[PDB]
Amino acid sequence: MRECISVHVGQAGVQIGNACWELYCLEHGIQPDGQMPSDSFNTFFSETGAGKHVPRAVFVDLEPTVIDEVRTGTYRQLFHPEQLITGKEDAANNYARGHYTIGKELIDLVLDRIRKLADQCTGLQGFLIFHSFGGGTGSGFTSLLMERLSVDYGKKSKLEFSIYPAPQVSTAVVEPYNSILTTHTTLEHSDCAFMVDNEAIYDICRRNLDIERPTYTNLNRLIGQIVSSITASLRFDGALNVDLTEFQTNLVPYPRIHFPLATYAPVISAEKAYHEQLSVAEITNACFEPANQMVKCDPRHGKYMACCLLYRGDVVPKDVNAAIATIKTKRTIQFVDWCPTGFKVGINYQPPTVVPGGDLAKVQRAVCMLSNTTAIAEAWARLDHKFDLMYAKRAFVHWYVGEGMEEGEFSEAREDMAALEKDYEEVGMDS
Amino acid sequence: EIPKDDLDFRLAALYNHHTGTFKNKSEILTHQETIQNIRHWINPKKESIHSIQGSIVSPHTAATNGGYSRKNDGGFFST
Amino acid sequence: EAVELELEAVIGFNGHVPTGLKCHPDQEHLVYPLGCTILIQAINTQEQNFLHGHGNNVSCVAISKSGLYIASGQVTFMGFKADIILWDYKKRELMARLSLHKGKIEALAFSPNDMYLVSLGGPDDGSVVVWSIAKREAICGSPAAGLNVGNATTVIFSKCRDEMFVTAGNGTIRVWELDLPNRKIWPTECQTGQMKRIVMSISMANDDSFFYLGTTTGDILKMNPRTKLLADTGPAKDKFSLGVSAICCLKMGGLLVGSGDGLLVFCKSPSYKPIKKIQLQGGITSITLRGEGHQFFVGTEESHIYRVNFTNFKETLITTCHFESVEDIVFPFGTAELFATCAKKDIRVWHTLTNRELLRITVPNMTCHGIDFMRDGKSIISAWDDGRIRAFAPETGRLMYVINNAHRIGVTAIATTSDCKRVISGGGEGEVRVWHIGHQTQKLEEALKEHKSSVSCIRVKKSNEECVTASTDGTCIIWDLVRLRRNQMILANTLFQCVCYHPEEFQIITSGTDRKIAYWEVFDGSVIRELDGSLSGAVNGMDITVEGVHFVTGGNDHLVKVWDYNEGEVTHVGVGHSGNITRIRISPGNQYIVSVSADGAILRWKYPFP
Amino acid sequence: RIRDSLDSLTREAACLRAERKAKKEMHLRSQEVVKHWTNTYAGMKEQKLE
Amino acid sequence: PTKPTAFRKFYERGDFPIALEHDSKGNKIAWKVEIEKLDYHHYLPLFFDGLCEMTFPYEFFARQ
Ligand SMILES: Nc1nc2c(ncn2[C@@H]2O[C@H](COP(=O)(O)OP(=O)(O)OP(=O)(O)O)[C@@H](O)[C@H]2O)c(=O)[nH]1
Ligand SMILES: [Mg+2]
């Protein structure tokens, strides 16, 4: 009744959504075939008169190998059999295969399913895309999609929970080619961009939690819990409720600084929950450490420009005000002149839920936060240096000019990132 | 069951008019009352050992660990 | 001390290695192996003289033609000897221990005049040796494997009493001729034209004219031992599906073939055509023919013994059991006639007295760990190694429910509350979990993570209020139910296997690897006394009756022990199998004691008064 | 509910008294069984002193 | 009691050049083609047939 549309494009998108769509089944009573046994489910699941509940999500991959895990796994009766659009051959780390000649085939099908779902919601509030920067289809299919979706619908909000490539570790070779090209799309036809990376979730997975050998089925559950915290107020009740424009207006000052980080506060094991007191004042303070960033930067060497929060659980706002006053008093956290408030609080009246087999405890208080900070320009400096060190000797560019892409758009996205890195420091300097 | 002669001749005649050729009256009207371990259950989806997802158990028998991995910066790392 | 009770109702079978079943030529008793011994069954099921020895798993059986001697090899560690043992068939006495090989022994065979035996040994260090029976020693030996070919598997003598065949493992087929005065065996090779098969069974005709080889590719090869050349090819157009695993002969020239996909075919030499075919249960690995001729027996890989008539080819199964390590029997409450036995991929529901199998339920290829009944007859819960907890319908094997992601490792121990509402699980992770069941759904309440290591057993009080978790950490916790916290810890020097309550709930008793049966005060975890195991074994299963004066204990050696409760009185009838006994329960009528030996053997004895 | 609210503290005390009595009585009866057992270390010392 | 309509069947085939945006001031039928030169021999007696529907997504399209 306050609906959302959440697309998962690529492989990483689909494999995160595989871990997103049982947390929603466990928050409500929806068992996996779609039959609740016993309307706060409304934003995520439609209902059908045989009892059967159906999701609101589209899954696309140009190769059929990963969707066919879902299609015969544990969640095959849940999804509608045209929410699962497949193909034959992938894009294989090339942006041109996906956004160009071979990728212009499934776009009409994904737009039909976007239209056929969005034409049945009573109230539409926006888009949650899950697409990987690291992909060949996950970063070209979405750039083919958004340039047509924003012509069709236009003013509705776009939020992307994407996977930023880590500064040291990386698992492909033409990532500095595929990262730079999609930010010619996401600057103009997009309105927010939450990035995460993979090395820091391993960090926070082994230090705050006794997991040896951490994997993707450990990454995707925490990034599912983050989106279930951001989508809390559209589904539940509480003191201060923040809607999908009531923060996305708070979070974008200038129309090219729209790149905020994310942080989830209580991450702890099943044993050592008994020994920490777990108060509002300490799990507000856990948010502002340099150790607990899911994206590998130090926020201290930059400045938080604008912030937000998404509370849950058993909080009462006097504690939150006493926490925020101390955060404003502290000096590890530095701000700018042009936002003297720098805060935004929502509340809710629901605890976190514990998916079975997850390695988290049933904490009651829960915090998320989402920060517009200028210290992501350091990570864009580190991936900025990677590009011209490969375009200097014109490496790998035949694989791009073969599948329909001209050479000059490398220079175009070069000066696009040059203008963006000009913009961050020019809006972060004092007056 | 039968209420008259019409449903006697057609309720059970057992005489295809198309196929029975050069017949007789008694061969037309013929009804049918004149004529007359160890058990087991098998799972449907043959599962695989290799495609399981619960954890990745340690190479060393980490109840009494064999090559000491401590937690980074002090303490136990495993379980 | 140590009075022998009585022994009855042998259940298991080993049909996992080829040609384990061989009826002796008086056609009354069937010998067949088990996990570490041999068994002889009569027509009246008179279990007779488990012939003791071999130190480890028997793997190969060969019988003298007259019907007086039997010889069986075994398998040990790398760089260890392995002993053929010559037995008798009249006074079941270990005559000769013949221990001269490396690693293990792949094949044994007898000569038709009873003087000679032959042995093939070694997966890597492959050699053939010839033993004499007049003096229990070796005549001569040689490498029975073609260099620049591969390895070899099986051997058989002639009826010329002097020449014997070593059979292709990967394509070496070699005849040897034996001469006494030089004391030697001479190798010649049977040259084949372009054929290179993987031969995997062998038999010999009566008049030494031809011997037959069954191959992995599926075609039956006839041979000529005089020409030392290939004699005949196999079938084209419907070669058998898997490898040809079991070939038998007749007095006439009609060979009985059997393939490891569970197919039995009558076959003749010019045209290998299925005159009489019967599809059987599981892969066939043994054919043994009664000397009368008109009835024979089939041993299968899944342990089914098939008595099949030669005329009209009708079968009748006579023995069934599991085919991996078995674990965790549980009786129903109030009924002494039913068994549940669970193992790798499988669960079976038995009878007790007449030993029939009533139903069988398969998970495809995963591993089971624990089985339990409900307090009523509504359902049977089980805990499996796939990270899942299942529960099944009592008849017809319907899956009522499964639990998707229970623990991080395989769920090990499971327990039933007496009000049929709660199921307690512990697994190798140590996250002890509680499951509230309902008609519609089943949910988890709270995860108790005291432990640091595995969980062995979970046992709850007569009226639910408290429980206990036997674990291999060194700590056995008593938890309370009505609140989810801990009362008391047993901290001890034993990797625990079995923890049992005393009837009337005074004290709790622990066992394990360190062989100290220890009674424990129910408060403070204060130790009372320690009574030792047998000698240098281990112990895995305890049992107390309804009253609380009898005390049954079973462990890593062959010994099951009846004990008095208050004082240490032992009563040994543990003369059975030394395959490591892992669980043991008494019937609720106090009539039988039933133990599961790891290599599949479920044995029940009568009840003694303690 | 309001009629029986006047005695709320006496049942709270009675439950603690009953649980402590039952626990200590279980301890004493198990000590009776322990003292009737014969293969104890201190009992063997007493028999050796005899 | 209601009856199955042909507006539903023509929509599940997908013939209508119609679209929806739930604009905040009110739900609006976005038109992909010019309204002034439609085929009124096709599209009026099917919208008039879709008048007969009570369930959510089609009554709005018929009326607007
Ligand atoms: N968190 C998380 N990241 C994943 C997962 N699977 C893949 N990734 C990330 O995806 C990045 C590469 O993009 P891919 O998804 O593999 O490529 P793609 O989108 O399938 O595009 P093609 O290669 O053309 O098929 C890697 O850097 C991974 O970090 C996952 O299950 N969880
Ligand atoms: Mg892919």
# chains A, B, ... in the order shown; residues from 1 in each chain; ligands from 1
>>> select_by_dssp(residues="segment 159-345 of chain A", states="strand (DSSP E)", output="ChimeraX atom specification")
/A:159-163,194-196,261-264,304-306,310-311
>>> write_last_selection(atoms="C-alpha atoms", output="mmCIF file, in the first residue's frame")
data_model
loop_
_atom_site.group_PDB
_atom_site.id
_atom_site.type_symbol
_atom_site.label_atom_id
_atom_site.label_comp_id
_atom_site.auth_asym_id
_atom_site.auth_seq_id
_atom_site.Cartn_x
_atom_site.Cartn_y
_atom_site.Cartn_z
ATOM 1 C CA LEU A 159 18.277 3.417 -4.656
ATOM 2 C CA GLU A 160 21.019 0.956 -5.583
ATOM 3 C CA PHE A 161 22.730 -1.378 -3.123
ATOM 4 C CA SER A 162 25.817 -2.070 -5.198
ATOM 5 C CA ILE A 163 29.106 -3.823 -4.509
ATOM 6 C CA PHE A 194 24.760 2.803 -1.506
ATOM 7 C CA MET A 195 28.005 0.930 -2.140
ATOM 8 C CA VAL A 196 29.568 -1.842 -0.033
ATOM 9 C CA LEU A 261 28.074 4.822 2.807
ATOM 10 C CA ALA A 262 26.151 2.425 5.052
ATOM 11 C CA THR A 263 26.797 0.963 8.513
ATOM 12 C CA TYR A 264 24.917 -1.568 10.663
ATOM 13 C CA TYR A 304 30.893 13.555 7.254
ATOM 14 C CA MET A 305 28.811 16.014 5.290
ATOM 15 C CA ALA A 306 25.286 14.722 5.927
ATOM 16 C CA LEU A 310 17.391 4.055 10.995
ATOM 17 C CA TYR A 311 16.616 2.811 14.458
#
>>> residues_near_ligand(ligand="ligand 2", cutoff="6 Å", atoms="only C-alpha atoms and all ligand atoms", output="tab-separated table (two decimals) with C-alpha atoms, in the first residue's frame")
chain	number	residue	atom	x	y	z
A	10	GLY	CA	23.70	-9.69	-12.66
A	11	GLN	CA	25.03	-12.56	-10.60
A	90	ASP	CA	26.70	-14.07	-20.45
>>> closest_residue(among="A:158, A:189, A:221, A:53", to="ligand 1", atoms="only C-alpha atoms and all ligand atoms")
A:221
>>> residues_near_ligand(ligand="ligand 1", cutoff="9 Å", atoms="only C-alpha atoms and all ligand atoms", output="VMD selection string")
chain A and resid 9 to 16 18 61 to 63 66 89 to 95 97 to 98 131 to 141 163 to 166 170 to 172 175 196 to 198 201 215 to 220 223
>>> atom_distance(atom1="atom CA of residue 396 of chain A", atom2="atom CA of residue 181 of chain A")
14.4 Å
>>> atom_distance(atom1="atom CA of residue 233 of chain C", atom2="atom CA of residue 163 of chain C")
23.5 Å
>>> residues_around(residues="residue 40 of chain B", least_positions_apart="2", cutoff="9 Å", atoms="only C-alpha atoms", output="PyMOL selection string")
(chain B and resi 38+42) or (chain C and resi 358-362+396-397)
>>> write_last_selection(atoms="C-alpha atoms", output="PDB file, in the first residue's frame")
ATOM      1  CA  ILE B  38       8.730 -54.950   2.319  1.00  0.00           C
ATOM      2  CA  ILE B  42      12.247 -42.769  -1.808  1.00  0.00           C
TER       3      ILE B  42
ATOM      4  CA  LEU C 358       8.983 -53.720   7.850  1.00  0.00           C
ATOM      5  CA  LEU C 359       9.946 -50.475   6.080  1.00  0.00           C
ATOM      6  CA  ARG C 360      12.920 -48.508   4.792  1.00  0.00           C
ATOM      7  CA  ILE C 361      13.366 -44.776   4.128  1.00  0.00           C
ATOM      8  CA  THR C 362      16.174 -43.261   2.056  1.00  0.00           C
ATOM      9  CA  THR C 396       4.313 -45.271   4.596  1.00  0.00           C
ATOM     10  CA  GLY C 397       7.459 -43.165   5.111  1.00  0.00           C
TER      11      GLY C 397
END
>>> residues_around(residues="segment 54-62 of chain B", least_positions_apart="6", cutoff="12 Å", atoms="only C-alpha atoms", output="PyMOL selection string")
(chain A and resi 211-218+356-359) or (chain B and resi 68-70+76-79) or (chain C and resi 385-388+404-411+427-429+452-454+473)
>>> atom_distance(atom1="atom CA of residue 546 of chain C", atom2="atom CA of residue 5 of chain C")
20.5 Å
>>> residues_around(residues="residue 207 of chain C", least_positions_apart="4", cutoff="12 Å", atoms="only C-alpha atoms", output="list in words")
residues 158, 159, 160, 211, 224, 225, 249, 250, 251, 252 and 253 of chain C
>>> write_last_selection(atoms="C-alpha atoms", output="PDB file, in the first residue's frame")
ATOM      1  CA  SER C 158      43.173 -75.267 -12.847  1.00  0.00           C
ATOM      2  CA  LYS C 159      42.054 -78.857 -12.408  1.00  0.00           C
ATOM      3  CA  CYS C 160      45.496 -79.996 -13.612  1.00  0.00           C
ATOM      4  CA  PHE C 211      37.657 -70.040 -18.524  1.00  0.00           C
ATOM      5  CA  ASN C 224      41.663 -70.852 -23.970  1.00  0.00           C
ATOM      6  CA  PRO C 225      44.386 -71.743 -21.427  1.00  0.00           C
ATOM      7  CA  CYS C 249      29.598 -71.733 -14.302  1.00  0.00           C
ATOM      8  CA  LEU C 250      27.514 -74.883 -14.524  1.00  0.00           C
ATOM      9  CA  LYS C 251      28.377 -78.544 -15.033  1.00  0.00           C
ATOM     10  CA  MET C 252      27.210 -78.016 -18.614  1.00  0.00           C
ATOM     11  CA  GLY C 253      28.293 -75.037 -20.704  1.00  0.00           C
TER      12      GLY C 253
END
>>> interface_residues(of="chain E", to="chain A", cutoff="8 Å", atoms="only C-alpha atoms", output="number ranges by chain")
E: 19-22, 57
>>> residues_around(residues="segment 486-488 of chain C", least_positions_apart="3", cutoff="12 Å", atoms="only C-alpha atoms", output="ChimeraX atom specification")
/C:432,448-451,465-469,475-483,491,520-526
>>> write_last_selection(atoms="N, CA and C atoms", output="PDB file, in the first residue's frame")
ATOM      1  N   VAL C 432      23.262 -25.331  20.986  1.00  0.00           N
ATOM      2  CA  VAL C 432      22.158 -26.176  21.418  1.00  0.00           C
ATOM      3  C   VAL C 432      20.855 -25.438  21.149  1.00  0.00           C
ATOM      4  N   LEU C 448      21.402 -22.007  23.011  1.00  0.00           N
ATOM      5  CA  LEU C 448      22.250 -22.100  24.193  1.00  0.00           C
ATOM      6  C   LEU C 448      23.652 -22.507  23.754  1.00  0.00           C
ATOM      7  N   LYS C 449      24.623 -21.604  23.896  1.00  0.00           N
ATOM      8  CA  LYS C 449      25.924 -21.876  23.294  1.00  0.00           C
ATOM      9  C   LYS C 449      26.952 -21.935  24.434  1.00  0.00           C
ATOM     10  N   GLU C 450      26.746 -22.863  25.365  1.00  0.00           N
ATOM     11  CA  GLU C 450      27.809 -23.151  26.321  1.00  0.00           C
ATOM     12  C   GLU C 450      29.005 -23.808  25.640  1.00  0.00           C
ATOM     13  N   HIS C 451      28.767 -24.876  24.878  1.00  0.00           N
ATOM     14  CA  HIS C 451      29.812 -25.836  24.537  1.00  0.00           C
ATOM     15  C   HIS C 451      30.821 -25.272  23.544  1.00  0.00           C
ATOM     16  N   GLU C 465      11.787 -31.072  32.887  1.00  0.00           N
ATOM     17  CA  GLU C 465      12.045 -30.010  33.827  1.00  0.00           C
ATOM     18  C   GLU C 465      13.504 -29.751  33.598  1.00  0.00           C
ATOM     19  N   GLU C 466      14.294 -30.819  33.531  1.00  0.00           N
ATOM     20  CA  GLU C 466      15.728 -30.717  33.248  1.00  0.00           C
ATOM     21  C   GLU C 466      16.145 -31.676  32.136  1.00  0.00           C
ATOM     22  N   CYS C 467      17.313 -31.405  31.554  1.00  0.00           N
ATOM     23  CA  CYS C 467      17.921 -32.263  30.536  1.00  0.00           C
ATOM     24  C   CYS C 467      19.416 -32.371  30.827  1.00  0.00           C
ATOM     25  N   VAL C 468      20.130 -33.124  29.988  1.00  0.00           N
ATOM     26  CA  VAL C 468      21.580 -33.280  30.098  1.00  0.00           C
ATOM     27  C   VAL C 468      22.154 -33.525  28.702  1.00  0.00           C
ATOM     28  N   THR C 469      23.300 -32.901  28.427  1.00  0.00           N
ATOM     29  CA  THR C 469      23.933 -32.969  27.106  1.00  0.00           C
ATOM     30  C   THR C 469      25.316 -33.599  27.217  1.00  0.00           C
ATOM     31  N   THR C 475      32.786 -31.410  29.184  1.00  0.00           N
ATOM     32  CA  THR C 475      31.743 -30.806  29.997  1.00  0.00           C
ATOM     33  C   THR C 475      30.410 -31.429  29.620  1.00  0.00           C
ATOM     34  N   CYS C 476      29.686 -31.919  30.613  1.00  0.00           N
ATOM     35  CA  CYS C 476      28.311 -32.360  30.429  1.00  0.00           C
ATOM     36  C   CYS C 476      27.412 -31.435  31.229  1.00  0.00           C
ATOM     37  N   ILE C 477      26.552 -30.699  30.546  1.00  0.00           N
ATOM     38  CA  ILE C 477      25.719 -29.695  31.192  1.00  0.00           C
ATOM     39  C   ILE C 477      24.389 -30.325  31.546  1.00  0.00           C
ATOM     40  N   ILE C 478      23.854 -29.949  32.703  1.00  0.00           N
ATOM     41  CA  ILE C 478      22.431 -30.071  32.971  1.00  0.00           C
ATOM     42  C   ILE C 478      21.810 -28.702  32.729  1.00  0.00           C
ATOM     43  N   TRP C 479      20.844 -28.650  31.818  1.00  0.00           N
ATOM     44  CA  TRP C 479      20.019 -27.472  31.621  1.00  0.00           C
ATOM     45  C   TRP C 479      18.659 -27.683  32.264  1.00  0.00           C
ATOM     46  N   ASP C 480      18.005 -26.577  32.566  1.00  0.00           N
ATOM     47  CA  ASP C 480      16.593 -26.566  32.887  1.00  0.00           C
ATOM     48  C   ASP C 480      15.761 -26.177  31.670  1.00  0.00           C
ATOM     49  N   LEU C 481      14.497 -26.591  31.682  1.00  0.00           N
ATOM     50  CA  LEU C 481      13.601 -26.433  30.546  1.00  0.00           C
ATOM     51  C   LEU C 481      12.751 -25.172  30.669  1.00  0.00           C
ATOM     52  N   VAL C 482      12.096 -24.995  31.824  1.00  0.00           N
ATOM     53  CA  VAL C 482      11.064 -23.977  31.999  1.00  0.00           C
ATOM     54  C   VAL C 482      11.640 -22.572  31.903  1.00  0.00           C
ATOM     55  N   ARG C 483      12.913 -22.403  32.232  1.00  0.00           N
ATOM     56  CA  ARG C 483      13.685 -21.235  31.847  1.00  0.00           C
ATOM     57  C   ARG C 483      14.865 -21.775  31.056  1.00  0.00           C
ATOM     58  N   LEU C 491      32.614 -31.315  34.836  1.00  0.00           N
ATOM     59  CA  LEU C 491      33.914 -31.077  34.223  1.00  0.00           C
ATOM     60  C   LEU C 491      34.771 -32.303  34.509  1.00  0.00           C
ATOM     61  N   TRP C 520      27.849 -39.887  39.206  1.00  0.00           N
ATOM     62  CA  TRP C 520      28.005 -38.489  39.581  1.00  0.00           C
ATOM     63  C   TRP C 520      26.817 -38.020  40.399  1.00  0.00           C
ATOM     64  N   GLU C 521      27.138 -37.307  41.475  1.00  0.00           N
ATOM     65  CA  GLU C 521      26.168 -36.587  42.277  1.00  0.00           C
ATOM     66  C   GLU C 521      25.437 -35.561  41.427  1.00  0.00           C
ATOM     67  N   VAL C 522      24.111 -35.527  41.577  1.00  0.00           N
ATOM     68  CA  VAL C 522      23.260 -34.682  40.749  1.00  0.00           C
ATOM     69  C   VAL C 522      23.461 -33.196  41.045  1.00  0.00           C
ATOM     70  N   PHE C 523      23.992 -32.854  42.214  1.00  0.00           N
ATOM     71  CA  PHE C 523      24.383 -31.489  42.545  1.00  0.00           C
ATOM     72  C   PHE C 523      25.895 -31.344  42.564  1.00  0.00           C
ATOM     73  N   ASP C 524      26.342 -30.155  42.144  1.00  0.00           N
ATOM     74  CA  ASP C 524      27.716 -29.654  42.163  1.00  0.00           C
ATOM     75  C   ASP C 524      28.649 -30.368  41.184  1.00  0.00           C
ATOM     76  N   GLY C 525      28.161 -31.398  40.497  1.00  0.00           N
ATOM     77  CA  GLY C 525      29.018 -32.242  39.679  1.00  0.00           C
ATOM     78  C   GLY C 525      30.099 -32.950  40.465  1.00  0.00           C
ATOM     79  N   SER C 526      29.780 -33.415  41.672  1.00  0.00           N
ATOM     80  CA  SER C 526      30.773 -34.026  42.546  1.00  0.00           C
ATOM     81  C   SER C 526      30.907 -35.504  42.212  1.00  0.00           C
TER      82      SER C 526
END
